Amino acid sequence: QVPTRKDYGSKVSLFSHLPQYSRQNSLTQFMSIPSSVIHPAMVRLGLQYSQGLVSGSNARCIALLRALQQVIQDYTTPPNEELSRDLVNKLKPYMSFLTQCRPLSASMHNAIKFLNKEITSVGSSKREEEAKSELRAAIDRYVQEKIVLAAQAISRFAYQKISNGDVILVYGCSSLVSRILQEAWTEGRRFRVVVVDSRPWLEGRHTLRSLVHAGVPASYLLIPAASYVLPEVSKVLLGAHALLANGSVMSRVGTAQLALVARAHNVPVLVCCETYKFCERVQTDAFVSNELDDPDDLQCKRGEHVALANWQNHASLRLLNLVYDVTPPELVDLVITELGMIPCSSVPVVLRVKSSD
Amino acid sequence: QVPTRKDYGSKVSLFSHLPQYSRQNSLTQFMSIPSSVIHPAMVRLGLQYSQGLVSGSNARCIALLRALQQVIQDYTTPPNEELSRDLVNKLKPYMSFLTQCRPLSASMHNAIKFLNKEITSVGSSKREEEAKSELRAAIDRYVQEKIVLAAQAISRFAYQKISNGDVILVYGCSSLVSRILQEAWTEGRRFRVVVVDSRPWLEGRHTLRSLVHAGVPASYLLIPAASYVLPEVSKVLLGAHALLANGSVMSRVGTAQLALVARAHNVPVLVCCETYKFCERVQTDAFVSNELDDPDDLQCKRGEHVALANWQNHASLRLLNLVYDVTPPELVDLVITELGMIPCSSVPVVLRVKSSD
Amino acid sequence: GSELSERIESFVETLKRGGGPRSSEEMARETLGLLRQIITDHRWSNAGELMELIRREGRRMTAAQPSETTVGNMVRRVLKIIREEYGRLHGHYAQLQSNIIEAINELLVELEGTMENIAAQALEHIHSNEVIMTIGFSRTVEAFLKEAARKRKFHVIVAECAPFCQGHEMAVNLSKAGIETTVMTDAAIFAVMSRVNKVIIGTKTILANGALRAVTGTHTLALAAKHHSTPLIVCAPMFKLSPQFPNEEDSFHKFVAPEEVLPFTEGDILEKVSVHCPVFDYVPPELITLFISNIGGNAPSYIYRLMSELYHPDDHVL
C-alpha cells in the first residue's frame with residue numbers, strides 16, 4: 001500500500017490545511033523495487049515530479065500523458081470485467097500517488113478529466129487491443145492538437161499584436177511565452193526583452209538562455225527592479241498556469257504583484273494560456289488552495305553568514321514560499337487563446353463552447 | 001485608596017488591551033460617604049460620567065472645568081510646601097479616578113494639559129487665596145472664550161458656506177453642529193436636515209428634538225438608509241471629537257463609514273471642531289486606542305424574542321460596540337475652526353501657531 | 001375550481017400582507033406546488049392558452065408583493081420550461097402535461113439540493129484563522145459557515161442588519177455551533193473593515209446586470225470592501241436570479257413602517273419629521289467579486305449567460 005508522506009517543518013497558521021513536504025525524503029523508501037501497486041512509469045513520473053526535474057506547466061501534462069500511454073499499453077483485461085470501469089478504478093490510486101508526490105496543476109486535472117471521460121465512453125463490444133489502440137490514438141491526437149496547434153495559434157495571435165521597436169517584459173519560465181518570443185524574433189520583429197525573475201526557484205534563467213540562444217537582446221533583473229524599469233516598459237507578457245471562472249490568473253507567485261505594479265505604471269499585461277488549462281473551479285485568494293514548496297529553499301549564502309540554516313530551533317520562526325496566486329480580473333487585459341483575443345470575462349464562455357455547448 | 005474596576009464580559013481579541021466596564025456596578029461601593037481621598041465634586045463628576053448622564057464632548061469638558069473650579073476653591077495650603085507642586089501631585093489621582101470611571105476625551109486631555117501648564121506657572125510669592133482667584137479666573141476666561149467665541153466663529157464660518165435650498169446631513173449628537181444649524185435657520189437660510197442615527201446610543205434624537213424645536217424641517221433615519229438618501233444629499237455636517245496630527249477625524253463610530261459612502265455619492269463631508277480638541281497624538285485605526293461601551297447594550301426587544309439576553313453562556317460569542325474611529329485624511333474636506341476654513345493637513349499647523357510658535 | 005381559487009387567493013393575500021412563508025426556499029416550493037396544482041386541475045387546447053393563463057395568474061402575484069421577485073421569476077422559469085417542451089414537441093394534450101409534470105418534479109429535485117450543493121462546495125473558499133464578515137440573516141450563508149467550520153477554524157463578524165435586529169439570531173445560531181463570532185452594529189462596518197479578509201453575504205434578488213438587492217446596509221459593506229480590496233462572496237441560489245433591470249421598473253426598495261426606526265412614543269416631533277425605512281438596498285455589479293450557486297462559482301460578468309439559459313427575452317415584462 002501507499003502511505004502518506006510526513007509533513008515537514010512548522011506550517012503557516014493560514015496554511016495548516018495545505019500539505020508542505022520536502023524534496024530530501026521520498027515516499028518510495030517503503031515500496032517494492034518491482035513496482036506492482038503503482039505502475040513503474042507512474043512511479044518514475046512521481047520521482048521526476050517530486051525531485052523538481054519537471055517544473056513547466058505544459059511539461060508536466062506531456063509527461064503525464066506519456067506515462068498514461070505507458071499505463072494503457074501495459075494494461076490487461078481480467079475475466080468478466082469491463083475496461084471502462086476497471087481502468088477508472090485503477091487509475092485513481094495512480095493519480096493519488098502523483099498527488100502525494102507533488103500537488104497537481106489544473107492542466108493535469110483537466111487531462112485526468114478528459115481521459116476519464118474518454119475511457120468512460122468506450123463501448124463494451126470493443127476488443128482489448130483495439131480499445132488500447134483507440135485510447136493511445138486519442139491521447140496522441142489530444143496532445144498533438146491541444147499542445148502544438150494551440151501554441152502556433154497563440155503565437156500568431158501574439159505576433160499580430162507585438163509591433164516594431166517596443167519592449168517586452170516576461171516573468172518566470174513558460175514554454176508558450178518563450179515560443180511566442182522566438183517566433184516573433186524569427187519572423188521579423190525587432191525588440192528586446194526585460195526578464196523578471198524571483199527567488200528561490202530562479203527559473204528566469206531558462207527563458208534567459210532561450211532568448212540569448214534565439215538572438216534576442218535580453219535584460220535580466222528581479223522583482224524589486226521591475227518597479228524601476230516599468231516606466232520604460234511598454235508591454236508585459238505573462239505565463240498563466242490556470243484561468244478560473246471569474247477571470248483570475250493562476251500563475252507563479254509574482255504575477256498579480258507584477259500586474260498591479262504594471263497597471264500603476266500604465267503597462268498592459270498579457271497572459272498566454274491554452275484552453276485546456278481553464279477551470280470551473282474558482283478561488284479569490286492565494287490561501288484556500290495553493291502549493292507549498294520547501295521551507296529549506298529560502299536560505300541562501302550571502303557571504304558565510306547563512307541565517308536560516310537552523311531555522312527549526314526557533315519556535316517563533318515560520319518559513320513560507322508560495323507557488324501560486326490569483327489575479328483580480330480587473331488587472332489583466334489580454335487572454336490570448338487559440339480561438340482569438342478574449343478578455344478575462346470570456347473564460348467560462350470558452351469553457352461552455354468547448355464543453356460541447 | 002481607589003481600587004480598579006473589574007473588566008466585564010469576554011473582550012475582543014483585538015481589544016484585549018483596552019478596558020471594558022459596565023454601567024450596572026460602580027467603583028464607589030467601597031469608598032467613604034464623606035469623600036476624603038477623592039474630592040466630592042470629583043466623585044460627583046465620576047458618577048455623572050459613569051452612568052452616562054454627560055455624553056457630549058463639550059459637556060464633559062465644561063463639567064470637568066466646573067469640578068476643577070470646585071476643587072481649587074476647596075484647596076488649602078500645607079506648611080513649607082508650594083501650591084505649584086502639591087496641586088500637581090494631588091490632581092493626578094483625581095484624573096486617575098475619572099479615567100477609571102470612563103475613558104477621557106481628548107478635549108479633557110488638553111484641558112488637563114492646559115490646567116497643569118497654568119498651575120505650574122504660578123509664582124512662589126503669590127498668596128493662597130490670590131492664586132486661587134487667579135486660577136478660577138483663568139479657568140473662567142478659558143471656558144468663556146474657547147467655548148462660546150470659538151462656537152460663534154465656527155457658526156459664522158459655516159453660515160457663510162451653507163446656501164439657500166440645499167439639504168444637510170448630520171450624524172450623532174454634538175452641540176456645535178446643532179448650534180450651527182439653529183443659527184443658520186434663524187438668520188435666514190431655508191433648508192431641511194436629514195438626521196442619521198446609529199445603535200445602541202440613539203443620540204440622534206437629541207439633535208432631532210433640537211431641530212424640531214428650532215423650526216427646522218427634519219428627516220430621521222439610520223446608517224443603512226444613509227446609502228439610500230445620499231444621492232439626494234448635497235452636504236454632510238459631522239461632529240468631531242478629536243483631530244489628529246495626520247488630519248484624522250476622531251468622532252462617533254459611524255463617521256468614517258458615512259464619509260466614505262458620501263464620497264462614493266460625491267457628497268462633501270464637513271466636520272466642525274474647536275482647536276483645543278486637537279492632538280499631537282496620532283493613530284491610524286480604531287484598534288490601538290478606543291473606548292469600549294457596554295456589551296449588554298447591543299440587545300434589543302424585537303417582539304418577545306431577545307436573542308442576546310444570555311450571551312455570556314455562549315463561549316464563542318463576542319459583543320462589541322465601538323465608540324471612536326478615525327478617518328483617513330483624504331476623505332474629509334472641511335475642517336472648520338475659529339481661525340478660518342482649513343483642510344485636514346492644517347491641524348498641526350494650528351497646533352503650532354496656538355502652541356506659542 | 002373553488003379550492004383552486006381559494007388557495008390562489010390565500011397565497012395572494014399572504015404575499016400582500018407580510019412575508020409568508022419565512023424561508024424563500026419554502027416559498028419557492030409552494031410556488032412550484034401552486035403551479036403544478038393550477039396545471040393539473042384545468043383545461044386547455046393550445047399551449048399558448050396555458051402561457052397566457054400563467055401570465056395572468058402571475059401578474060396578480062407580482063402586483064401583490066413587487067419586492068418578492070422569487071414567485072415572479074419562478075413563474076417565468078416554468079414558462080420557459082413549458083415553452084421548451086412545446087418547442088421539442090413542435091418540431092399533445094396528455095403527453096405535454098406529463099412532460100410538464102416530470103419537468104416540475106425535476107425542478108423540485110434540483111431545488112431541494114441547492115443549499116446542499118452550496119455546502120458541498122463550501123470547502124474551497126474558507127481557510128483556517130480567517131476573518132469573515134456577514135450582514136443580516138440568511139440560511140445559505142450560515143449553512144456555508146457551519147459546513148466550513150467542520151474542518152477549519154476561523155472567525156465570523158456577524159454584523160447586524162438593523163432596521164430590526166435579525167442578525168442576532170444568526171449570531172446565536174452560529175455561536176451554538178462554535179464559529180467564534182463577534183456582534184457589532186452597522187456603525188462599526190468601516191471601523192472593523194481594516195481587519196476583515198473576506199465578505200460573505202446573501203441576497204434577496206440577483207438582477208440582470210449582476211446587480212443584487214439584499215438586506216439593507218450591504219451597499220455600504222460593498223463600498224468599504226471595494227475600498228479595502230477584499231473579495232465579496234455571494235452565496236445565492238438560482239431562483240433569486242431575475243431579469244428585472246434596476247432602473248427599468250419602479251418599486252425597487254421595500255418600505256415598512258417607521259416604528260422600528262423611530263417609535264410612536266417619541267412625542268410632538270413626529271409631526272414635522274419624515275422617517276423612511278428601506279429594508280433593502282441597491283448594490284452595483286462592479287462591487288461584487290464572486291457569486292456562489294449550486295452549480296459552481298460564477299462572475300458578475302457571467303449572470304447574463306445564466307439569464308439566457310434560464311429565461312426567455314419575451315417574458316421579461318411578464
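Only heavy atoms go into these numbers, but all of them, side chains included; no hydrogens, no water, no symmetry mates. Residue numbering restarts at 1 for every chain, and letters A, B, ... go by the order of the sequence lines.
Here B:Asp86 pairs with nothing under the side-chain hydrogen bond (donor to acceptor under 3.5 Å, both in side chains) rule; sequence neighbours left out. Taking the side-chain hydrogen bond (donor to acceptor under 3.5 Å, both in side chains) definition, one finds that B:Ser346 meets it with nothing, sequence neighbours left out. For the salt bridge (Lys or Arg N to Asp or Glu O under 4.0 Å) test, residues two or more places apart in sequence or in another chain that qualify with B:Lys126 are B:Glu134. Judged as a side-chain hydrogen bond (donor to acceptor under 3.5 Å, both in side chains), and not counting sequence neighbours, the contacts of B:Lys11 are B:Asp7.
Within the 3.5 Å criterion, the main-chain N or O of B:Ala286 finds no donor-acceptor partner in the side chain of B:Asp325.
Residues B:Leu351 and B:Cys279 approach most closely at CD1-O, 3.4 Å, considering heavy atoms.
In summary, the side chains of B:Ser178 and B:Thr207 do present a donor paired with an acceptor at a separation below 3.5 Å, with no hydrogens or angles considered.
No more than 12 heavy-atom neighbours from other residues, nucleotides or ligands sit within 6.0 angstrom of CD on B:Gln24. In B:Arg85, the CZ atom is not crowded: 12 or fewer heavy atoms of neighbouring residues, nucleotides or ligands sit closer than 6.0 Å. Heavy-atom neighbours of B:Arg302 CZ from other residues, nucleotides or ligands within 6.0 Å: above the threshold of 12.
Salt-bridge check for B:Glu280 with B:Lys113: passed, with a basic side-chain N closer than 4.0 Å to an acidic carboxylate O. A salt bridge does not link B:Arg156 with B:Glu183: every distance from a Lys NZ or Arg NE/NH1/NH2 to an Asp or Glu carboxylate oxygen is 4.0 Å or more.
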For this session: Report the C-alpha separation of B:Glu338 and B:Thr275 in whole Å, then their side-chain angles, then the decisive distance to 0.1 Å, and conclude whether the side chain to side chain donor-acceptor pair (under 3.5 Å) test is met.
Result: CA-CA 8 Å; B:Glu338 69 268 16; B:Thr275 60; 2.6 Å; yes

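The side-chain hydrogen bond (donor to acceptor under 3.5 Å, both in side chains) contacts involving residues 135-147 of chain B comprise B:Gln69-B:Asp140, B:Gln73-B:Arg136, where partners must be two or more places apart or lie in separate chains.
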In residues 235-250 of chain B, what donor-acceptor pairs under 3.5 Å come from side-chain atoms, sequence neighbours left out?
{"unit_1": "B:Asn246", "atom_1": "OD1", "unit_2": "B:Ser248", "atom_2": "N", "d": "3.1"}
{"unit_1": "B:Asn246", "atom_1": "OD1", "unit_2": "B:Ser248", "atom_2": "OG", "d": "2.8"}
{"unit_1": "B:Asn246", "atom_1": "ND2", "unit_2": "B:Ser248", "atom_2": "OG", "d": "3.4"}
{"unit_1": "B:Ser248", "atom_1": "OG", "unit_2": "B:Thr327", "atom_2": "O", "d": "3.0"}

